[PDB]
Amino acid sequence: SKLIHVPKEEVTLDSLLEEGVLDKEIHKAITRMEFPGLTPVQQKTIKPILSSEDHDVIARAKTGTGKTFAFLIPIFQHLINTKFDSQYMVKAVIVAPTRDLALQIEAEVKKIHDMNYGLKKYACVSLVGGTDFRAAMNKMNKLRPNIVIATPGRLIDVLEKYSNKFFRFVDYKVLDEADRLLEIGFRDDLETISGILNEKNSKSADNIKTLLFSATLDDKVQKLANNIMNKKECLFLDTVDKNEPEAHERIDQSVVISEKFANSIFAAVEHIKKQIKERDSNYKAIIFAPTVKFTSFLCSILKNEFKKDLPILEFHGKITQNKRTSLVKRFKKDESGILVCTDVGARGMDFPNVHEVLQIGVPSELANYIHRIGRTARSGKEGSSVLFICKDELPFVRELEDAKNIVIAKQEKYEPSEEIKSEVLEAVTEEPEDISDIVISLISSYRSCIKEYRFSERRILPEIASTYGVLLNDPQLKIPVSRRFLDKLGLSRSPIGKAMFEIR
RNA sequence: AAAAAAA
Ligand SMILES: O=c1ccn([C@@H]2O[C@H](COP(=O)(O)OP(=O)(O)O)[C@@H](O)[C@H]2O)c(=O)[nH]1
Ligand code: BEF
Ligand SMILES: [Mg+2]
């Protein structure tokens with residue numbers, strides 16, 4: 001308790017200025033960006049967030065509808081109307097599930113800064129992994145930022161060491177893409193963070209206001225966050241009807257269903273090839289893959305196939321953070337190209353004018369389907385989406401309707417010609433051992449979501465394994481492994497293990 | 001070994 005709902009039933013910068021809620025400095029900043037007008041969530045979120053009363057804020061809004069400024073504008077306004085207290089102390093802590101999203105939010109704050117130098121006094125520092133710790137701390141000491149954007153790990157590192165120095169006067173903490181940060185693997189980290197910030201706060205352990213933002217969340221998050229929500233009441237600001245699908249309606253969704261999993265790649269290649277020809281290389285797209293190794297492999301194929309027409313960018317968690325930042329900014333700027341990536345780029349990342357979102361296989365989690373396709377059709381723009389799967393993945397499409405009420409109308413089958421298989425497979429440089437590691441990674445990936453997506457383990461896993469045979473152009477062939485490895489896999493008893501591997 | 005998450 002206590003969760004108060006406010007379902008989706010005009011607010012303007014000028015009105016907010018004249019009403020006295022917002023200062024001229026920030027009004028100048030947002031007005032100079034020349035947006036047509038505040039998004040519904042911003043209209044529905046700003047004023048309640050500044051309400052000093054003892055209440056937390058949960059906000060659900062579809063993808064690409066400007067949630068970032070929905071909590072950045074209030075933060076800045078808060079910093080304005082508290083400017084003579086604690087000045088050189090952190091007053092707002094923003095947490096994101098990925099480094100690039102945190103750096104993106106930082107860039108948005110610096111975008112706010114560049115539109116009005118008067119707001120630069122309210123400095124900002126990002127705290128993420130893959131960056132020099134000392135340089136960040138020197139930046140912390142030098143700037144005395146009022147806003148911190150961070151990823152949980154590095155934030156915890158900093159908090160364990162400098163909570164007293166910087167974080168004793170936090171008034172706001174923000175969970176962007178809250179639901180993922182409230183999933184297993186992140187919840188304990190955020191509980192430690194909230195605990196430290198609350199423990200270290202100068203006024204009270206319940207002083208801090210918490211903001212939860214995402215395109216995908218329900219009432220379950222209210223329960224999942226009960227330990228990090230200090231205040232007594234909690235506002236639910238929803239710009240989506242209960243039964244309405246969370247997916248952005250402007251996205252033209254489709255699914256390509258194949259007999260086997262491997263030739264969904266062939267399905268995608270035929271799709272992209274059709275797209276570069278029709279659009280005359282004026283094509284900007286993001287293609288998602290379930291795993292790093294498969295991302296890299298798929299990247300190698302798309303490089304062999306389409307490098308002559310478009311840039312092919314490889315984006316995943318094993319890419320050095322410097323290169324991640326370089327390619328996100330490049331793919332942010334460039335007018336065309338193919339971003340080949342895992343779910344690291346599924347949430348939050350804002351790439352202007354992405355034409356299509358492609359998916360080979362399923363996402364690491366069901367909700368990430370909504371966020372994946374959310375990378376296109378942003379800020380009023382149009383967009384389409386294609387899901388490339390095999391028949392044994394069909395239950396996932398079934399799961400999309402039962403839970404999230406997501407109905408993919410356009411569905412079609414696919415069978416590859418011998419020519420494309422020969423052309424693609426002949427142009428693979430990877431040794432059988434690499435193919436083995438890649439397929440093994442896919443087996444591991446699909447095994448971890450058997451329960452979630454209601455897959456038939458006895459059917460889907462052998463199919464994933466068969467990809468090894470397909471790529472080596474011998475469907476009868478099975479993956480060569482050792483007895484210890486097969487035992488280590490724990491399929492020593494399962495017939496599927498025998499059906500999918502060959503102990504050589 | 002899955003996708004994230006500083007060591
Ligand atoms: O008042 C606004 C705020 C947002 N935007 C658009 O929304 C985008 C921001 O999307 P964001 O990622 O911040 O929202 P989210 O994806 O988190 O829902 C900007 O680039 C703008 O094009 C807009 O048109 N008017
Ligand atoms: F949901 Be938005 F893409 F951050
Ligand atoms: Mg966001």
# chains A, B, ... in the order shown; residues from 1 in each chain; ligands from 1

$ interface_residues --of "chain A" --to "chain B" --cutoff "7 Å" --atoms "only C-alpha atoms (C1' of nucleotides)" --output "ChimeraX atom specification"
/A:98,129-130,152-154,343-344,364,441,444-445,448

$ select_by_dssp --residues "region 40-200 of chain A" --states "helix (DSSP H, G or I)" --output "ChimeraX atom specification"
/A:40-50,68-80,99-115,117-119,133-143,152-166,178-181,187-200

$ residues_near_ligand --ligand "ligand 2" --cutoff "6 Å" --atoms "only C-alpha atoms (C1' of nucleotides) and all ligand atoms" --output "list in words"
residues 63, 64, 214, 215, 347, 348 and 374 of chain A

$ write_last_selection --atoms "N, CA, C and O atoms" --output "CSV table (one decimal), in the first residue's frame"
chain,number,residue,atom,x,y,z
A,63,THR,N,6.5,3.0,-26.1
A,63,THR,CA,7.9,3.3,-26.5
A,63,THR,C,7.9,4.5,-27.5
A,63,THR,O,7.0,4.7,-28.3
A,64,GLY,N,9.0,5.3,-27.3
A,64,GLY,CA,9.2,6.4,-28.2
A,64,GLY,C,8.4,7.6,-27.9
A,64,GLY,O,8.3,8.5,-28.7
A,214,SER,N,8.6,2.8,-17.5
A,214,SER,CA,8.8,1.7,-18.5
A,214,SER,C,7.6,1.6,-19.4
A,214,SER,O,6.5,2.1,-19.1
A,215,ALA,N,7.8,1.0,-20.6
A,215,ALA,CA,6.7,0.7,-21.5
A,215,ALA,C,6.0,-0.6,-21.1
A,215,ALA,O,4.9,-0.8,-21.5
A,347,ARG,N,16.3,-2.1,-24.9
A,347,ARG,CA,15.5,-1.2,-24.1
A,347,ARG,C,16.1,0.2,-24.1
A,347,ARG,O,17.4,0.4,-24.0
A,348,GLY,N,15.3,1.2,-24.2
A,348,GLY,CA,15.7,2.6,-24.0
A,348,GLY,C,16.4,3.3,-25.1
A,348,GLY,O,16.2,4.5,-25.4
A,374,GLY,N,10.1,-1.6,-30.3
A,374,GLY,CA,9.9,-0.2,-29.8
A,374,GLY,C,11.1,0.7,-30.3
A,374,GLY,O,11.0,1.9,-30.1

$ residues_around --residues "residue 324 (chain A)" --least-positions-apart "5" --cutoff "8 Å" --atoms "only C-alpha atoms (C1' of nucleotides)" --output "list in words"
residues 100, 315, 316 and 319 of chain A

$ write_last_selection --atoms "N, CA and C atoms" --output "compact mmCIF listing (two decimals), in the first residue's frame"
# COMPACT_ATOMS: atom_id res chain seq x y z
N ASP A 100 24.77 2.05 -22.14
CA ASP A 100 24.51 2.91 -23.28
C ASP A 100 23.28 3.77 -23.05
N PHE A 315 27.04 -5.09 -32.21
CA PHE A 315 26.72 -4.46 -30.93
C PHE A 315 26.26 -5.47 -29.89
N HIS A 316 27.12 -5.75 -28.91
CA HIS A 316 26.78 -6.63 -27.80
C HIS A 316 27.71 -6.42 -26.60
N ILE A 319 31.55 -6.45 -26.66
CA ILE A 319 32.20 -5.34 -27.35
C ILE A 319 32.70 -4.35 -26.30

$ atom_distance --atom1 "atom 23 (C, counted along the ligand's line) of ligand 1" --atom2 "CA of residue 122 (chain A)"
22.9 Å
